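**Student:** Have a look at the structure that comes next, please.
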Amino acid sequence: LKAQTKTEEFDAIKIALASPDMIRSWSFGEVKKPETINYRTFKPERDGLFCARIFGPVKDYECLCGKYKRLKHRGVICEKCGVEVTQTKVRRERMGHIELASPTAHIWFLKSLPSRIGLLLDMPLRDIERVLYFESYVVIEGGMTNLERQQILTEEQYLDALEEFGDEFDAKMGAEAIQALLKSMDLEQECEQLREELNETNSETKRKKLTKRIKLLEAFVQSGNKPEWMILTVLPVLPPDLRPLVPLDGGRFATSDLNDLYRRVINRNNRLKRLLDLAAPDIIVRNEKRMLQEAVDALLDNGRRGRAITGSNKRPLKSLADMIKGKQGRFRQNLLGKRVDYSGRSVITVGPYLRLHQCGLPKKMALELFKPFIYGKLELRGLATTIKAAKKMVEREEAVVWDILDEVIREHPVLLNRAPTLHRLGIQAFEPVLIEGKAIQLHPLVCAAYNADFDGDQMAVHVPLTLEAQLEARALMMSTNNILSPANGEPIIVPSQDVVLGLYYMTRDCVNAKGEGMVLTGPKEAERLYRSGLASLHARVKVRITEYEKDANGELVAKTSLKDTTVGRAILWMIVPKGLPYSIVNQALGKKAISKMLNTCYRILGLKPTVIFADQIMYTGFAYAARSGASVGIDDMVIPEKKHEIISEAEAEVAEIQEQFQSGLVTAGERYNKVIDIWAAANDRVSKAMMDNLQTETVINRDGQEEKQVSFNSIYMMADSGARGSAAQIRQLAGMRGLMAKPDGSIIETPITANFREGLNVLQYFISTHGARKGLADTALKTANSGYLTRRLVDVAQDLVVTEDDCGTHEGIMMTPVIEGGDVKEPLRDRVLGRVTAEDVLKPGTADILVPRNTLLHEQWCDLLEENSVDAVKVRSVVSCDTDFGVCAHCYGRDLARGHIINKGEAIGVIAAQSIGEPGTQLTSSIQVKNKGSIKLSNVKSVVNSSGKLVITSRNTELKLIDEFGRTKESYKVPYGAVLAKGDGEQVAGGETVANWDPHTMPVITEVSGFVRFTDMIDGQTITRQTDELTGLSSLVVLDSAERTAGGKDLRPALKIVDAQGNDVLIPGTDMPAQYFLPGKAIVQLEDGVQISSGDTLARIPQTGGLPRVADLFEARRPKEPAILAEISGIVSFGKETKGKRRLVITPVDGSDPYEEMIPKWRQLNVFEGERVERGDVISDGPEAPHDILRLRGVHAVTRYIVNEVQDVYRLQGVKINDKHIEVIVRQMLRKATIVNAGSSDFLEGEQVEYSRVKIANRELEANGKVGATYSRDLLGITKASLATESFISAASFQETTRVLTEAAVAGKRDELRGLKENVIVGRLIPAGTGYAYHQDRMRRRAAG
Amino acid sequence: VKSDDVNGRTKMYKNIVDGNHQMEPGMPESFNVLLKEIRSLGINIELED
Amino acid sequence: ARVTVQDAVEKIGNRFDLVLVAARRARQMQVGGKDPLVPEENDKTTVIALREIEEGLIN
């Protein structure tokens, strides 16, 4: 196609450097007289900052003398005053000028940290500044003179430099001379000399400068600018449309700061030219140049001197850059940017009758906000005359506008937006209705999403001024149109109130029910059986139901089914859309149960049927909730007949422990903990009481004897479906509260044995008062710092918007149900749901794909993930996305307000920061198999010993569980050395040990058999003789490698095994001797003479889950102790003892061989110097560090561990996140790819991973050989990656404006103003949604023709 | 237009009271500050085709 | 009144250019253009455009 050659939309901005000529293009006058006033007549001085010819018409087409008035003379120029009468708006574009007489130098590129001019001349700050301070005669092009091309001169020396050389020698001082120096700098000559140093000096002190200086140079080549133009010579004057002048009643003038500034600059400007008319030496003309130097500066931002003030008034003047900079980065547009129009604040309430798609606004408040539309509508239908007449209509409460009011509100897709939302789905849409009230009546089934109730939630109502907002409102913002969450399949609409508890009264089942026995054929008459209230809603009746299940291609195959359910579910069924199978609704009914009710209903049928569904249930639900008034206050609480007795038991029992203290059987401290245990023991027995009691004690007779029915007690109904409030604290209301925190920090040694049904004691509750303190405070401050955490989160991920369709990577990450301990914790489904398959996943069968690589992953496909034996499902994410500067639709998936194709221009990084900071506010013996099947061993170096057992000579012994189907069930992380009793592939009963480890003994067990002969182990220098007085079997305890002899320290206590004859035996597997060295303080098990077998002990070796921990994570903070892993594989031994840090020599057979690490020897050396450790084996033990895992182990491993670790935090939080988000944060932290291999950019130039991707892409082809540059993924923190921003304007909004401004300006990185925050500050279309529509058309439009 | 241009809302309010469901940006005065400011240094704004 | 406009979302999948279409259409029903065919009932022209998309006659 072809685009338009006419103006349709704005474009990209190029920011680099411009020439002084370019500047003068807008100068339309030369300001002469500096004085802005006429002093006498309160009027604007002509030929000044308020001149008609230099700037513009005083008023619109109006002359100051008031000579010209009519429009036809819109261009006439007075023979005297050439002033074209024009629109005063044009007096914002009308720039003026100050022809400089002083060569000015960029204070900015000379002073600001980025001393670009300094390292460009291979010279220091002081001296270059000494020339630009008018103190040194810089030498300009000498050659073979006394000085260099770049060196200063003092008065005395300059005169002698002339005596020695008057020929071929000229040197001036100030910017004048610097102008000359730059006029002679042939850049490419300089470039090739830097290439000389490129191959000569590889020293950082001059090579980093190399890459900075040349980068500077090539960026200028890339733009075509010259160092000559870096000499300010032109001084434009910003138009009067930026600095007013108005007389007051009294004779004063309200001039602006800038006016008295240009006055200053122009006054001295003529004074300098006066020093020309009168001819003054350079010492003096440049003295005025010093004065005019600062003049230019003081106007801009004064650069960095002292913020020029005004006469008699102590106040730093508001300069140009100060009209830019201000509050929160960019002053105006950003912080406090003009009071919002069309929008207001209000409280929410009940209002039951309001349908799900419509909210209820109060009459009069609605009026005040929708007034505008009323006016337009009035003169459109034919009722109003003018806007003034229409205002008077509302002014009189005209019955006319009331009907019109109905027309513009009853169908207005409005945005109910809550400003403080740290989540996308907190901003939704509804439909206002003429409601008589004083609050926003809201539909209850939406509050779950808002996590609110009806008692004080403040919300604001935003009015869609254009159809744009209106159309998104009811389409993608409407409640009924986005019942999904960007975390998984979370249905926005769900009963979590007493409305759902009301449904438990519906699907309640007790034997006491009139009608229990008859049969039913119609669900409709069932409801009419209760509308009259005859047959109990708890009556068990045989119901003939029709059940639909759409297993076909566009056809729901139905079937005949006779069931038996209460009248409750009977009534329920009447409004169920076909798409929902009867199975789901036939249950116990609970909060999350009824939640997944509608979820399957939607993921199988569709949206609309869900809408109608939700509403109707709401009404019926409330009905039954009323009938179930849950009472409280003294009267409904109960006390267990067992509570008081078990307390009494544990009462005289602790009195017994008091006596066993007076006797001497237990220590005082062990007395406390023991008592703690038994009171907690009594505490759990108190549970064993109040639960059975309060779950079935209610019995009633009907159709037989007294059958046991679930307790009708409201506490029970709360502990079944649930609304708000934990039944555990309720448990500590009817039962003993237990223990609390003491005023010191530990736990109370004197438990509260009383209950809150009665009034518990002052003193113990006074200690409970300390508990109160605790709670309150915590919540209070953490919320604040948490929002700030998400602040830095968005600060680093806003650049991530979906901009491409397809990338090109066949890579992704391994999403697996990370089963730890027993049954699966973090499932397969809720990590894969909503994403895109990385590659063809397999079934328990091969050559039969269950999810082709290219698939839209949703319910159906996830149902497949659940019915097969599949354990490994690789799903692709943004971290591996090949897309440059963003992600492609095919890499993200379908996750959105909708369940279909992700929009191209749908920002994802931003909605993820929000979607991780959301839970951020929520942050402050043996392996006996439990199943029945085949015990499976996974990667283990097992060995068999005498009598028939199976010990382990490896650390990571992952015992997987394979059931009678193949699906992996359990998975235990077995330590080192475990006495395996059952074999690999035997059926084992549920409750029998198969893997019996021992955490107290970690011995070295030999795979070699024979007689033990301790070689290189001397009795006294390396091993001590401290035989155990009980065991007759002598042992030789190996002392630590720091308490041995001198020559004993560098000795490796070797355990050598010989066979039944007398020969040194190798290790079955390696070609190394049977040298099994013992680490420090490791007591040997045997002595010389002991016949040992394969797998026998011969040397026994001995041994926060919070937000600040997540803080550690996102800040790359080096924790308390980094886990020491082997940075290389192979055989291992010690090296160089006590002198400093230990040198652990780990030598492979064909890798980096002389590699030995710097590991402190006083740390725990769990390195198995007998076994061949892996390049990632435990050398120590405990939590590792982000950094570490990433670099030596692998990319895929670290980020999969990070998601496993941060989610772990969320395991204590019980949260399930669609992992793509946690990784968007991670991808931004790895935006920096340190280009390691020498190539094009540099040898240490860190750049965009995207940039470097395409870099190697085109350099490994032609015009080269093997000169490409390999890059490395570096892991950083959010606070560092957010500071690593190429976009200066974005930084100039919240971070460090000025520095980043110059950081880009110095080279000329012309950023076309692309992005979110960029188009935010300017106020234009971001490349998202419809904005990107323009941008793709602008993509083909930019840099082309 | 809703929260930036002082001219943007005026130029649009006097039309919504007449009725027209669609708006147009215009020129943010904030930019007009930054824009001219960099002009004093020597930078060029460019909008072609 | 409308409770679900998912139908409009499917007739024209852009959900953005869709708004630009009705944009110029609302303009026709206001500044000259042409009269609204479907006899309106209280519903502003923005919603009238919504309905024309569901029928899929003007896009």
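Note on naming: chains are A, B, ... as they come in the structure tokens, residues start from 1 per chain, ligands start from 1 in the order shown.
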Show me which bits of chain C are within 9 Å of chain A, counting only C-alpha atoms, as a VMD selection string.
**Tutor:** chain C and resid 1 to 6 8 to 9 14 to 20 22 to 23 26 30 41 to 44 46 to 47 50
**Student:** Can you spit out the residues from that selection as a PDB file, in the first residue's frame, using N, CA and C atoms?
**Tutor:**
```pdb
ATOM      1  N   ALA C   1     -31.668  -1.370  26.660  1.00  0.00           N
ATOM      2  CA  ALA C   1     -30.241  -1.152  27.028  1.00  0.00           C
ATOM      3  C   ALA C   1     -29.401  -2.387  26.716  1.00  0.00           C
ATOM      4  N   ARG C   2     -28.094  -2.190  26.575  1.00  0.00           N
ATOM      5  CA  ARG C   2     -27.181  -3.286  26.271  1.00  0.00           C
ATOM      6  C   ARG C   2     -26.469  -3.789  27.522  1.00  0.00           C
ATOM      7  N   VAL C   3     -26.323  -5.107  27.620  1.00  0.00           N
ATOM      8  CA  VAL C   3     -25.654  -5.729  28.758  1.00  0.00           C
ATOM      9  C   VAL C   3     -24.346  -6.364  28.296  1.00  0.00           C
ATOM     10  N   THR C   4     -24.302  -6.740  27.023  1.00  0.00           N
ATOM     11  CA  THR C   4     -23.118  -7.362  26.440  1.00  0.00           C
ATOM     12  C   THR C   4     -22.958  -6.945  24.981  1.00  0.00           C
ATOM     13  N   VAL C   5     -21.845  -6.284  24.675  1.00  0.00           N
ATOM     14  CA  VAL C   5     -21.568  -5.830  23.316  1.00  0.00           C
ATOM     15  C   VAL C   5     -20.449  -6.668  22.701  1.00  0.00           C
ATOM     16  N   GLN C   6     -20.300  -7.886  23.211  1.00  0.00           N
ATOM     17  CA  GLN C   6     -19.279  -8.809  22.731  1.00  0.00           C
ATOM     18  C   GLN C   6     -19.497  -9.094  21.247  1.00  0.00           C
ATOM     19  N   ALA C   8     -20.344  -6.884  18.956  1.00  0.00           N
ATOM     20  CA  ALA C   8     -19.699  -5.815  18.204  1.00  0.00           C
ATOM     21  C   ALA C   8     -18.209  -6.111  18.125  1.00  0.00           C
ATOM     22  N   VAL C   9     -17.663  -6.596  19.236  1.00  0.00           N
ATOM     23  CA  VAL C   9     -16.248  -6.931  19.329  1.00  0.00           C
ATOM     24  C   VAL C   9     -15.823  -7.972  18.292  1.00  0.00           C
ATOM     25  N   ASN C  14     -10.809  -5.026  15.436  1.00  0.00           N
ATOM     26  CA  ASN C  14      -9.825  -3.997  15.775  1.00  0.00           C
ATOM     27  C   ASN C  14     -10.018  -3.406  17.169  1.00  0.00           C
ATOM     28  N   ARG C  15     -11.275  -3.181  17.538  1.00  0.00           N
ATOM     29  CA  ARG C  15     -11.635  -2.608  18.837  1.00  0.00           C
ATOM     30  C   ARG C  15     -10.951  -1.261  19.077  1.00  0.00           C
ATOM     31  N   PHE C  16     -10.323  -0.731  18.034  1.00  0.00           N
ATOM     32  CA  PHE C  16      -9.639   0.556  18.108  1.00  0.00           C
ATOM     33  C   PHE C  16     -10.012   1.362  16.872  1.00  0.00           C
ATOM     34  N   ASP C  17      -9.732   0.785  15.709  1.00  0.00           N
ATOM     35  CA  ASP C  17     -10.069   1.429  14.451  1.00  0.00           C
ATOM     36  C   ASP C  17     -11.592   1.425  14.410  1.00  0.00           C
ATOM     37  N   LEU C  18     -12.177   0.524  15.194  1.00  0.00           N
ATOM     38  CA  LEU C  18     -13.623   0.394  15.300  1.00  0.00           C
ATOM     39  C   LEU C  18     -14.168   1.705  15.845  1.00  0.00           C
ATOM     40  N   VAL C  19     -13.445   2.267  16.810  1.00  0.00           N
ATOM     41  CA  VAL C  19     -13.823   3.526  17.439  1.00  0.00           C
ATOM     42  C   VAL C  19     -13.627   4.701  16.487  1.00  0.00           C
ATOM     43  N   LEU C  20     -12.684   4.567  15.558  1.00  0.00           N
ATOM     44  CA  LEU C  20     -12.432   5.638  14.598  1.00  0.00           C
ATOM     45  C   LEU C  20     -13.521   5.641  13.532  1.00  0.00           C
ATOM     46  N   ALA C  22     -16.845   4.668  13.979  1.00  0.00           N
ATOM     47  CA  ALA C  22     -18.013   5.282  14.590  1.00  0.00           C
ATOM     48  C   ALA C  22     -17.716   6.747  14.880  1.00  0.00           C
ATOM     49  N   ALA C  23     -16.429   7.077  14.951  1.00  0.00           N
ATOM     50  CA  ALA C  23     -16.003   8.446  15.213  1.00  0.00           C
ATOM     51  C   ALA C  23     -16.499   9.334  14.083  1.00  0.00           C
ATOM     52  N   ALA C  26     -20.365   9.391  13.811  1.00  0.00           N
ATOM     53  CA  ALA C  26     -21.085  10.261  14.738  1.00  0.00           C
ATOM     54  C   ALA C  26     -21.033  11.675  14.167  1.00  0.00           C
ATOM     55  N   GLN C  30     -24.124  14.412  12.915  1.00  0.00           N
ATOM     56  CA  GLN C  30     -24.125  15.673  13.648  1.00  0.00           C
ATOM     57  C   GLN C  30     -23.866  16.855  12.724  1.00  0.00           C
ATOM     58  N   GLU C  41     -33.963   5.759  19.980  1.00  0.00           N
ATOM     59  CA  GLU C  41     -34.807   5.694  21.171  1.00  0.00           C
ATOM     60  C   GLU C  41     -34.000   6.039  22.428  1.00  0.00           C
ATOM     61  N   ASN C  42     -33.906   7.333  22.726  1.00  0.00           N
ATOM     62  CA  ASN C  42     -33.166   7.836  23.887  1.00  0.00           C
ATOM     63  C   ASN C  42     -31.642   7.671  23.794  1.00  0.00           C
ATOM     64  N   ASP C  43     -31.199   6.577  23.177  1.00  0.00           N
ATOM     65  CA  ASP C  43     -29.770   6.278  23.035  1.00  0.00           C
ATOM     66  C   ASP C  43     -28.982   7.276  22.201  1.00  0.00           C
ATOM     67  N   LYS C  44     -27.988   7.907  22.825  1.00  0.00           N
ATOM     68  CA  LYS C  44     -27.131   8.874  22.133  1.00  0.00           C
ATOM     69  C   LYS C  44     -26.605   8.226  20.854  1.00  0.00           C
ATOM     70  N   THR C  46     -23.630   7.634  19.997  1.00  0.00           N
ATOM     71  CA  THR C  46     -22.505   6.743  20.271  1.00  0.00           C
ATOM     72  C   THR C  46     -22.988   5.298  20.418  1.00  0.00           C
ATOM     73  N   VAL C  47     -24.136   5.135  21.070  1.00  0.00           N
ATOM     74  CA  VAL C  47     -24.727   3.818  21.283  1.00  0.00           C
ATOM     75  C   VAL C  47     -25.424   3.358  20.004  1.00  0.00           C
ATOM     76  N   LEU C  50     -22.995   1.727  18.056  1.00  0.00           N
ATOM     77  CA  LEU C  50     -22.726   0.428  18.659  1.00  0.00           C
ATOM     78  C   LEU C  50     -23.664  -0.607  18.040  1.00  0.00           C
TER      79      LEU C  50
END
```
**Student:** Could you work out which residues of chain B fall inside 12 Å of chain C? Count only C-alpha atoms, and format the result as a ChimeraX atom specification.
**Tutor:** /B:15-16,18-24
**Student:** Would you please work out which residue, of B:43, B:26, B:1, B:10, is nearest to chain A when using only C-alpha atoms?
**Tutor:** B:43
**Student:** Using only C-alpha atoms, I'd like every residue of chain B that has an atom within 7 Å of chain A; please write them out as a ChimeraX atom specification.
**Tutor:** /B:2-4,16-19,21-23,28,30-31,33-34,36-37,39-40,42-47,49
**Student:** Keeping only N, CA, C and O atoms, write those residues as a compact mmCIF listing (two decimals), in the first residue's frame.
**Tutor:**
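So the final result, stored in again_25.txt, reads:
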```txt
# COMPACT_ATOMS: atom_id res chain seq x y z
N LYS B 2 -8.22 16.40 28.56
CA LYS B 2 -8.90 16.34 29.85
C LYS B 2 -8.07 16.90 31.00
O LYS B 2 -8.62 17.44 31.96
N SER B 3 -6.74 16.79 30.91
CA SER B 3 -5.89 17.30 31.97
C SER B 3 -4.50 17.77 31.54
O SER B 3 -3.48 17.21 31.96
N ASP B 4 -4.45 18.81 30.70
CA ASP B 4 -3.18 19.36 30.25
C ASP B 4 -3.38 20.72 29.58
O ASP B 4 -3.04 21.76 30.14
N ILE B 16 -18.81 20.73 23.10
CA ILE B 16 -19.50 19.58 23.70
C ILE B 16 -20.85 20.08 24.21
O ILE B 16 -21.78 19.30 24.41
N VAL B 17 -20.92 21.39 24.43
CA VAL B 17 -22.14 22.03 24.90
C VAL B 17 -23.04 22.20 23.68
O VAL B 17 -24.22 22.53 23.79
N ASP B 18 -22.45 21.96 22.51
CA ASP B 18 -23.15 22.04 21.24
C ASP B 18 -23.34 20.61 20.76
O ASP B 18 -24.27 20.31 20.01
N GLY B 19 -22.45 19.73 21.21
CA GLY B 19 -22.54 18.32 20.85
C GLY B 19 -21.76 17.84 19.64
O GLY B 19 -22.11 18.13 18.50
N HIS B 21 -19.30 14.18 19.29
CA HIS B 21 -18.61 13.08 19.95
C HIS B 21 -17.27 12.64 19.36
O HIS B 21 -17.16 11.57 18.76
N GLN B 22 -16.26 13.48 19.56
CA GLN B 22 -14.90 13.23 19.10
C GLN B 22 -14.07 14.49 19.31
O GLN B 22 -14.58 15.61 19.14
N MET B 23 -12.81 14.32 19.67
CA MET B 23 -11.94 15.47 19.91
C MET B 23 -10.65 15.47 19.10
O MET B 23 -10.35 14.51 18.39
N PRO B 28 0.20 21.34 22.97
CA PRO B 28 0.44 21.52 24.41
C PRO B 28 1.44 22.65 24.67
O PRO B 28 2.56 22.61 24.17
N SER B 30 3.11 23.28 27.23
CA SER B 30 4.26 22.82 27.99
C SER B 30 5.41 22.56 27.03
O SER B 30 6.56 22.95 27.27
N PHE B 31 5.09 21.91 25.92
CA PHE B 31 6.06 21.60 24.87
C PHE B 31 6.62 22.92 24.34
O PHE B 31 7.82 23.03 24.07
N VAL B 33 7.36 25.40 25.77
CA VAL B 33 8.36 25.92 26.69
C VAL B 33 9.66 25.20 26.37
O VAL B 33 10.64 25.81 25.93
N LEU B 34 9.66 23.88 26.59
CA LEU B 34 10.83 23.06 26.33
C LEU B 34 11.35 23.28 24.91
O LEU B 34 12.56 23.41 24.69
N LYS B 36 11.15 25.96 22.65
CA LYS B 36 11.92 27.18 22.43
C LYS B 36 13.19 27.22 23.25
O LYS B 36 14.21 27.75 22.81
N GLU B 37 13.13 26.65 24.45
CA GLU B 37 14.28 26.62 25.34
C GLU B 37 15.48 25.99 24.65
O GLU B 37 16.58 26.55 24.68
N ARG B 39 15.88 25.77 21.57
CA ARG B 39 16.17 26.54 20.37
C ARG B 39 17.32 27.50 20.66
O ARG B 39 18.14 27.78 19.78
N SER B 40 17.37 28.00 21.89
CA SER B 40 18.44 28.92 22.29
C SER B 40 19.80 28.23 22.22
O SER B 40 20.82 28.87 22.01
N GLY B 42 20.41 25.30 20.19
CA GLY B 42 20.64 24.94 18.80
C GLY B 42 20.15 23.53 18.51
O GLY B 42 20.94 22.63 18.26
N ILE B 43 18.83 23.35 18.57
CA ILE B 43 18.20 22.06 18.31
C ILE B 43 17.04 22.30 17.35
O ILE B 43 16.37 23.33 17.43
N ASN B 44 16.80 21.36 16.44
CA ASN B 44 15.74 21.52 15.46
C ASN B 44 14.60 20.50 15.54
O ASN B 44 14.83 19.30 15.62
N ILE B 45 13.37 21.01 15.52
CA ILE B 45 12.18 20.17 15.55
C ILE B 45 11.86 19.90 14.08
O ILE B 45 11.95 20.81 13.25
N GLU B 46 11.50 18.67 13.75
CA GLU B 46 11.21 18.33 12.36
C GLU B 46 10.00 17.42 12.17
O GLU B 46 9.95 16.30 12.70
N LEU B 47 9.02 17.91 11.41
CA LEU B 47 7.80 17.16 11.11
C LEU B 47 7.58 17.23 9.60
O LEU B 47 7.16 18.26 9.08
N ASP B 49 6.17 15.34 5.77
CA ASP B 49 5.20 14.45 5.13
C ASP B 49 4.03 14.17 6.06
O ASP B 49 3.22 15.10 6.25
```
**Student:** Among stretch 489-693 of chain A, which residues carry a DSSP assignment of helix (DSSP H, G or I), reported as a PyMOL selection string?
**Tutor:** chain A and resi 498-506+523-530+567-573+582-585+591-604+608-627+634-636+643-659+668-693
**Student:** At what distance in Å, to one decimal, does atom CA of residue A:970 lie from atom CA of residue A:822?
**Tutor:** 5.0 Å
**Student:** Tell me which protein, DNA and RNA residues are within 7 Å of stretch 1183-1198 of chain A, counting only C-alpha atoms, leaving out same-chain ones fewer than 4 positions away, and put them as a PyMOL selection string.
**Tutor:** chain A and resi 813+1122-1123+1127+1176+1202+1275
**Student:** Which neighbours of residue A:860 fall inside 12 Å, counting only C-alpha atoms, when residues of the same chain fewer than 4 positions from it are skipped, and could you give them as a PyMOL selection string?
**Tutor:** chain A and resi 551+600+602-605+829+832-834+850-851+855-856+864-867
**Student:** Go ahead and write the selection's residues with C-alpha atoms as a short mmCIF file (atom, residue, chain, number, x, y, z; two decimals), in the first residue's frame.
**Tutor:**
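Output file again.cif follows:
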```cif
data_model
loop_
_atom_site.label_atom_id
_atom_site.label_comp_id
_atom_site.auth_asym_id
_atom_site.auth_seq_id
_atom_site.Cartn_x
_atom_site.Cartn_y
_atom_site.Cartn_z
CA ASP A 551 -18.44 -32.66 23.48
CA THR A 600 -16.17 -23.98 33.82
CA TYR A 602 -17.47 -19.71 30.95
CA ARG A 603 -14.50 -21.75 29.71
CA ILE A 604 -16.88 -24.23 28.06
CA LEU A 605 -19.84 -22.15 26.88
CA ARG A 829 -2.28 -25.79 34.70
CA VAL A 832 0.56 -22.54 31.59
CA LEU A 833 -3.02 -21.23 31.38
CA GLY A 834 -3.21 -18.15 29.17
CA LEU A 850 -1.06 -32.93 22.98
CA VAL A 851 -0.26 -29.25 22.39
CA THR A 855 -1.27 -23.00 20.22
CA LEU A 856 -3.66 -20.65 22.02
CA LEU A 864 -5.24 -32.09 28.43
CA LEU A 865 -2.27 -31.07 30.59
CA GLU A 866 -4.28 -32.52 33.48
CA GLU A 867 -5.51 -35.84 32.04
#
```
**Student:** Just the number, please: distance in Å from atom CA of residue A:713 to atom CA of residue A:516, one decimal.
**Tutor:**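 Computing it gives 21.8 Å between the two atoms.
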**Student:** List the spatial neighbours of stretch 920-930 of chain A as a PyMOL selection string - criterion: any atom at most 10 Å away, only C-alpha atoms, same-chain residues fewer than 5 positions off excluded.
**Tutor:** chain A and resi 422+778-779+781-787+789-790+821-823+913-915+935+959+961+969-974+978-980+988-999+1105-1108+1110+1209-1210+1212-1213
**Student:** Rounded to one decimal in Å, what is the spacing between atom CA of residue A:452 and atom CA of residue A:614?
**Tutor:**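 Computing the Euclidean distance for atom CA of residue A:452 and atom CA of residue A:614 yields 18.3 Å.
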**Student:** Contacts of residue A:228 at 7 Å or less, counting only C-alpha atoms, minus same-chain residues fewer than 6 places along, as number ranges by chain?
**Tutor:** A: 179, 182-183
**Student:** So, counting only C-alpha atoms, which residue among A:1169, A:582, A:907, A:1063 is closest to residue A:1080?
**Tutor:**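 The closest residue to residue A:1080 is A:1169.
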